[PDB]
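[1] I would like the atomic coordinates for the input below:
(chains A, B, C and D, ligands or ions: 9)
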Amino acid sequence: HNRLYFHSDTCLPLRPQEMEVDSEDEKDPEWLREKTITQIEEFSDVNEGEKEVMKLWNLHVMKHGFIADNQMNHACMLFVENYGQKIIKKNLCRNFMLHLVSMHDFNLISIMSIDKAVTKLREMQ
Amino acid sequence: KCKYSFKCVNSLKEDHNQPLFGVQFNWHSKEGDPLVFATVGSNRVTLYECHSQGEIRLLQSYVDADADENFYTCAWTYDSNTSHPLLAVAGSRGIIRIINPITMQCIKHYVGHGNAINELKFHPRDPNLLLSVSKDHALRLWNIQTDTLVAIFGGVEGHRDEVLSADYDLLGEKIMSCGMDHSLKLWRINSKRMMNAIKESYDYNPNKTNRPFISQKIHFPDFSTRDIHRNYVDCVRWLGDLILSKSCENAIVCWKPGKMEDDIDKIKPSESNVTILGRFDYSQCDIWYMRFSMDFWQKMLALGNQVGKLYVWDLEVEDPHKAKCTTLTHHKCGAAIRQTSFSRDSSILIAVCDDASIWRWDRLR
Amino acid sequence: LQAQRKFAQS
Amino acid sequence: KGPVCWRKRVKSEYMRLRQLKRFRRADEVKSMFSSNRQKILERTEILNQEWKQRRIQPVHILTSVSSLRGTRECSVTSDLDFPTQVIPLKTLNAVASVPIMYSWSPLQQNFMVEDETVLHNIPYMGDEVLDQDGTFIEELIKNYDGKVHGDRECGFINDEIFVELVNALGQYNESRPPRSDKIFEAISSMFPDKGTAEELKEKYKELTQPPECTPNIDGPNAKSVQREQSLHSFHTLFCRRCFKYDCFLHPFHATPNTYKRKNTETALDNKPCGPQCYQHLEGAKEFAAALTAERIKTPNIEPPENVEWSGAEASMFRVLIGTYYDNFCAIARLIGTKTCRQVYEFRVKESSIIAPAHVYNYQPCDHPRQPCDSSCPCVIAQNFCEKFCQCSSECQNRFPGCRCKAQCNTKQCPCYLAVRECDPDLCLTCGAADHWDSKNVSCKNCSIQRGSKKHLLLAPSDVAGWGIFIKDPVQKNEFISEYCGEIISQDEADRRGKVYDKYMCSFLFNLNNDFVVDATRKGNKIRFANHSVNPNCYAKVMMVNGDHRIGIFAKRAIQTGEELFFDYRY
Ligand SMILES: COC1=CC(C)=NC(=O)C1CNC(=O)c1c(C)n([C@H](C)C2CCN(CC(C)(F)F)CC2)c2ccccc12
Ligand SMILES: [Zn+2]
Ligand SMILES: [Zn+2]
Ligand SMILES: [Zn+2]
Ligand SMILES: [Zn+2]
Ligand SMILES: [Zn+2]
Ligand SMILES: [Zn+2]
Ligand SMILES: [Zn+2]
Ligand SMILES: [Zn+2]
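    Residues are numbered from 1 along each chain as shown, chains lettered A, B, ... in the order given. Ligands and ions are numbered 1, 2, ... in the order given. For reference, the structure is listed below:
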């Protein structure tokens, strides 16, 4: 056509066959995930514990990109349909409930979701 | 007293008059062949062969057809198929050229870097693993067999201004790098992520797949510190598991990550401690871009200062140092001595200066 | 106190 | 006590400590060096052994075929009196250079970044410049109070060495403080790049190592702990606005009536449990609802069953009775290890046991009983109260939604007209609330929140350095992308600004009075949109869900492959 395009991430040139750009649905910046993970661990005074449940959550909403309060019920649902496998594994089912209560306190979830989410977590056990 | 004694057996000068920023002995040459070295300066790279005794034969030289280019550093490797040597040169244009001095042609070029390359390095164990550090704030690890960029060591906890030096450790398990932000940074390459990224880079072929190779962008180092040095850190080397690094505080400092006891591979990124073991005091090296080197066996440590004086320390000296360096001047060596390079056998020592001059110092019989 | 130059100086 | 007295005393202690530390270590280091030398020997040996197996045919020189009187040559003169050597000079040919760029991390939404009170780095430009005007190097340092890492008198400092300097300075001093307030001044003034004094005191606090941790509820040392301590970690650290713990966007914490809920709803009758319920002898529902009706103001004949409560369970009850309010059918079901009956008895036992005893950036308000009046932060800031405010449902200062039928890209929409994107909880009618994964939608005033940008392509600029090119063609006023970056205080912008002023290009774009966006260190692709006075784009800052977010739209219909520019007004 032609103009020599390049990759934004590595200033190496874009071969004609690669554009076709982009089939990927952008994005989550990789690093943002590691930053949280490390920035949570760094908390002197938070539980071991509470730290890992937060980490799992923060990753969940980063993956999914939740904008609105009305989403959060659906987001509490999805959190167990995906990460609820690895919650049981770590013995965090009680901190997860503590999270549900916090989320309920912030006014984001109906009380009808706290029982319905802990139902789906114990139904897979 | 001191060790080890040398005598200036020759000196010579290139025709351009611009500074020789980089000088490198070819350590890849099989024993009982002639000891070779290369120099970079102006827009050129020159190759010289030592001969017994004093005589330095001029072998080859190469000029970048772009007038403006200016090579800053070179590093030797080999083609493990055809058994050729391969010199790598890089400079101000941010472009790495690969010369093959048996075909006498630039067989490869990589043009991904944003700004200049201040140092090039090759993996001790892998003759295809080139590591370019830069003024663009990222280090770049390349697989020169596959024309692939493996890894870019910069971003969030990457460097904040120019990256001026880096060294692979003796086994090729980790990079310790440094630069203008005052900061030394430690980047492992034995981890699953990197070792995988290395493997898949070999398997990458551009006629086999419409995708590009997915170059791991590493944003985080395995350690960092700014408490050692107080201005730009210009040269850093791995003495086994300790760090030799110089800023312009009139010393090369021998330090380690963590506390006295803490082992290097058991250090965690968050580690906030370092420990100063010793300092190799020199005088009158106030400018930056003043490198040292050591010999293959790491028994001697040589820094050429800015007033033409070469300082050589012994690394079989237990305790500081403190005392005492073997200082060697000449009455026609004035200019700043950018970089020293021992021959493989520690017989010869080369040095190169700002005034295009090259100084050959050989050892006791 | 001071800032670093690559070249000295004459 | 003297101001310079403390410094001299800090100086001579430091000087002493460094010496007596050096001689102790000097013993250990010799061992470490010997040990390290042992590691060298091995690893060098391994490479050397590898070197034997290589045969590298090195050192070949070539004169022939004879010089055709076309090539230039390279001479090298000798102080040995061996004649000057001459070689023709090999031309390493054509390579296109890439434009200059500095490395930067990619972002999707912006990133709050703390101010840095000392510039850790002095920018090398100055050799070709030859220190002119050297005034710039002074005035650059003045913005940082004259503080650069590492500008001191003192030659070194480390953490293990630092804590001993505070402890040897507390020993030195009658006593005790027990940790002084005066001395942190003296050890900062000696170390500008480590100060202020405040920062060193907090650094000393992190270093000397755990209350108020509540330990693991899922764990072996789970204590019986009150509701607010069991949840202290979550309330204090959760972000209401973006839904993360320790978010990268919003630095102010909970408010704290954000994490108090309206107590209703509903308090409804629901029986049986069933069947082993809290029943049915006077005191079941009666004394339950009574105890909380006795607890709000400002039976039980059967002997209570015998079960034992672990530290987890007791906390978990307490945390549930807060949010479930006497619904022991629910609580028992939730606690899972007790029954409706036993919860009620433990409540009863617990009721009887004693306790021991110009535009501004939006930041929600929360004055619980009293209205959003001329003393409300928001109305002082001349900003609406948002959903995140903890005022009345019907505060008069809250932005309402839009009722729009559809697109809402004209002045008739109240959101568009306020320079706001819709609110996906309020704008229920246009479809800023509608199906999510389907990220293109009927309302076309939600694109920033949704990150729904056009495909942009990177190549060198047809004016200078780098520029950015839109793949897919787009119409007038249509959304191209958000300009993303770091978020920083007008101060920290003024420090970085001054340094970018010398490089004759800045990537700062002014967000509001309190904040600037800095795409320099980290940003996203649209940052490569160049400055052209006659541009093909414009840059509208908008208000989106409390965050002010930049919006880059077209100013004109644009053909495929066109290079994007916008005027930089600031
Ligand atoms: C912003 O990206 C670009 C857009 C356009 C239109 N043309 C371009 O060349 C680029 C790429 N430029 C850069 O990344 C540069 C960037 C990001 N800057 C800013 C001023 C950097 C320059 C280096 N300093 C170093 C520091 C940390 F300040 F010490 C940090 C700020 C440059 C200054 C001069 C030349 C190039 C840049
Ligand atoms: Zn937030
Ligand atoms: Zn019941
Ligand atoms: Zn209000
Ligand atoms: Zn209010
Ligand atoms: Zn308000
Ligand atoms: Zn509307
Ligand atoms: Zn609306
Ligand atoms: Zn709308």
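[2] can you give me the helices for the stretch 151-300 of chain B?
    Assigned helices in the stretch 151-300 of chain B, in chain order: B:192-203 (criterion: DSSP state H, counting those that start in this stretch).
[3] all strands of it, in order?
    B:163-168, B:174-179, B:184-188, B:216-218, B:223-225, B:235-239, B:242-247, B:251-257, B:274-280, B:292-294, B:300-304 (DSSP state E, counting those that start in this stretch).
[4] For the host helix or strand of residue D:548, name the packing helices and strands.
    According to DSSP states H and E, residue D:548 maps onto strand D:547-554. Packed against strand D:547-554 by the contact rule (3 or more Cβ pairs under 8 Å, 6 or more residues apart in numbering or on different chains; DSSP states H and E) you find helix D:447-450, strand D:479-481, strand D:537-544. C-betas here are computed from N, CA, C, even on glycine.
[5] Correct me if wrong, but residue B:88 is in a strand.
    Yes. Under DSSP: H, G, I helix; E, B strand; the rest coil, residue B:88 falls within a strand.
[6] wait, residue A:105 sits on residue D:260?
    Yes. Taking Cβ atoms under 8 Å as the definition, residue A:105 is a contact partner of residue D:260 at 7.0 Å.
[7] still on that earlier bit, so which of the helices and strands packed on strand D:547-554 is nearest ligand 9?
    helix D:447-450 (10.7 Å; Cβ to the ion).
[8] any idea how far residue B:52 is from the closest residue to chain C within the stretch 151-300 of chain D?
    Proximity of the stretch 151-300 of chain D to chain C (Cβ to the nearest Cβ) peaks at residue D:151, 6.6 Å away. Counting by Cβ to Cβ, to the nearest Å, the separation of residue D:151 from residue B:52 is 52 Å.
[9] Look at these two and report which has more neighbours.
    residue D:151 (18 against 11; other Cβ atoms under 10 Å in any protein chain shown).
[10] Pull up the gap between the more buried one and residue B:49, please.
    48 Å.
[11] again with residue B:85
    Distance, residue B:85 to residue B:49, using Cβ to Cβ: 12 Å.
[12] Now the common contact residues for the two.
    Shared contacts of residue B:85 and residue B:49, defined by Cβ atoms under 8 Å, 6 or more residues apart in numbering or on different chains, are found at residue B:36.
[13] So for those two, which residue has more residues nearby?
    residue B:85 (23 against 19).
[14] hang on, residue D:126 packs against residue D:137?
    Yes. Residue D:126 is within contact range of residue D:137, at 7.2 Å (criterion: Cβ under 8 Å).
[15] picking up where we left off before, the residue lying closest to the residue of the stretch 151-300 of chain D closest to chain C once chain neighbours are set aside: how many residues sit nearby?
    Spatial nearest neighbour of residue D:151, excluding adjacent residues (Cβ to Cβ, 6 or more residues apart in numbering or on different chains): residue D:192 at 5.6 Å. Residues within reach of residue D:192, counting by other Cβ under 10 Å, total 19.
[16] Return the residues in contact with residue D:192.
    The contact partners of residue D:192, by Cβ under 8 Å, 6+ apart, come to D:118, D:145, D:146, D:147, D:148, D:151, D:152.
[17] Please pick the buried ones from the residues you listed.
    For the contacts of residue D:192, a neighbour count by 16 or more other Cβ atoms under 10 Å in any protein chain shown gives the buried set as D:118, D:147, D:148, D:151, D:152.
[18] OK, contacts around the fourth one?
    Same thing as residue D:151. If a contact means Cβ under 8 Å, 6+ apart, then residue D:151 has B:230, C:1, D:192, D:193 as its contacts.
[19] repeat that for 10 Å
    Applying Cβ atoms under 10 Å, 6 or more residues apart in numbering or on different chains to residue D:151 gives the contacts B:230, B:231, C:1, C:2, D:118, D:122, D:141, D:144, D:191, D:192, D:193.
[20] quick one: residue D:364 from residue D:257, how far?
    Applying Cβ to Cβ, the value for residue D:364 to residue D:257 is 10 Å.
[21] With residue D:100 instead?
    Taking Cβ to Cβ, one finds residue D:100 at 52 Å from residue D:257.
[22] do the same with residue B:290
    For residue B:290, the distance to residue D:257 - Cβ to Cβ - is 62 Å.
[23] Same check on residue D:444?
    For residue D:444, the distance to residue D:257 - Cβ to Cβ - is 36 Å.
[24] just residue D:515 next, same as before
    26 Å.
[25] Please identify which of these two sits among more neighbours.
    Using other Cβ under 10 Å as the criterion, residue D:515 and residue D:257 rank with residue D:515 on top: 21 against 12.
[26] Kindly indicate whether the nearest residue to that one once chain neighbours are set aside is helix, strand or coil.
    Nearest non-adjacent residue to residue D:515, counting by Cβ to Cβ, 6+ apart: residue D:487, 5.3 Å away. The three-state assignment at residue D:487 reads strand, by three-state DSSP.
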